[PDB]
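Shown next are two forms of a single protein chain, provided one at a time as structure tokens under the names structure 1 and structure 2.
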Structure 1
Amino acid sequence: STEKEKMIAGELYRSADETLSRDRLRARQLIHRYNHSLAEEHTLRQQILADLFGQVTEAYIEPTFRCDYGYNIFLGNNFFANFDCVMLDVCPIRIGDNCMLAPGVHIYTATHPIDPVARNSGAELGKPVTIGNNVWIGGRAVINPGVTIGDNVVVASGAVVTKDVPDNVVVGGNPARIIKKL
């Protein structure tokens, strides 16, 4: 596997890879255009998301938005994200239908080795994130690498989600825990 294929697969890779580096620049060019767009340039924002993402249909994302690659973000139907969300998509971020992200939600797939030498080596890795259908993620929440969230979940504002979340629950806290069953 190439560095790019390894990255997507959740294997150790080098981000300084030429191809990945070019990909990151392209994403940042699209995001710069998105984030400076005039309030009324709805149509442009829609075109940019279709150019950026791995899959999108209907999506509404309040500026600002940030991501690493774009092409590793796969959205189901009728997606909404409020102001200033971030998706570090080194591995796939798969989001189901009718998702709502509140302001400042961060979703991370990127990680580094815990060992300092390994970390400073230029080697890094990722773990994918999968989110089901009808998920509402409250403001300022953090979704960590390798997490799967089921269907019909509510993530409370400010929650830090470190482990999988099953269907039909509310989770809150840091580390998040189940606080209510639906």
Structure 2
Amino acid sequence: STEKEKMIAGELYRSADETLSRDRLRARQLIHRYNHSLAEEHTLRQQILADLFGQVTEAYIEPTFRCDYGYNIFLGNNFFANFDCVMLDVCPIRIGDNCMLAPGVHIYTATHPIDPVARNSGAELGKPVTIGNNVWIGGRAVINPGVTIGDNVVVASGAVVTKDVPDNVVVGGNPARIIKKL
């Protein structure tokens, strides 16, 4: 297996890999163009996002936006994200329809072994993140690697999501807990 295939599949990979280095530069180029583009530039922004992401249809994303690869982000219909959102997509980040991200939401997929020896060994690895339909994620929340958020979930601002979230609940806190059922 290619290092890219290993990375996407959530296995140990090498980021210094040639293809991956090139992929990150391509994404950086597109991100940079996205972020310095004007808001009146709809065709350009839409064109850049179609190029960047694995899947996208309607998407309103305020700069500044950031991702690592782009092709690991899969966004359902009518996606909305306020400024300073970060989607670090070492592994697939799959988001359903009608998602709303408030400002400064961070979604991570990269991780490291907790054991220091292993960590300092160059080991690189990620875990996918999946988010359902009609999910609202409040300002400055953090969604950790390997998390699955169900449909119709409201994530309060500043929440740090470390475990799966079932359908139809409001979560909040660090660590995030169920606040109430919808």
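Rigid core (definition): largest C-alpha set, two forms, superposition within 1.5 Å. By convention here, residues take numbers in order along the sequence of structure 1, the first being 1.
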{"query": "Candidates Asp115, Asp51, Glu58, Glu62 - which moves between structure 1 and structure 2, C-alpha at least 2 Å, core fixed", "finding": "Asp115"}
{"query": "Core-aligned Cα shift of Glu18 between structure 1 and structure 2, given in Å", "finding": "0.5"}
{"query": "Core-fitted comparison between structure 1 and structure 2 - CA shift at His42, Å", "finding": "2.1"}
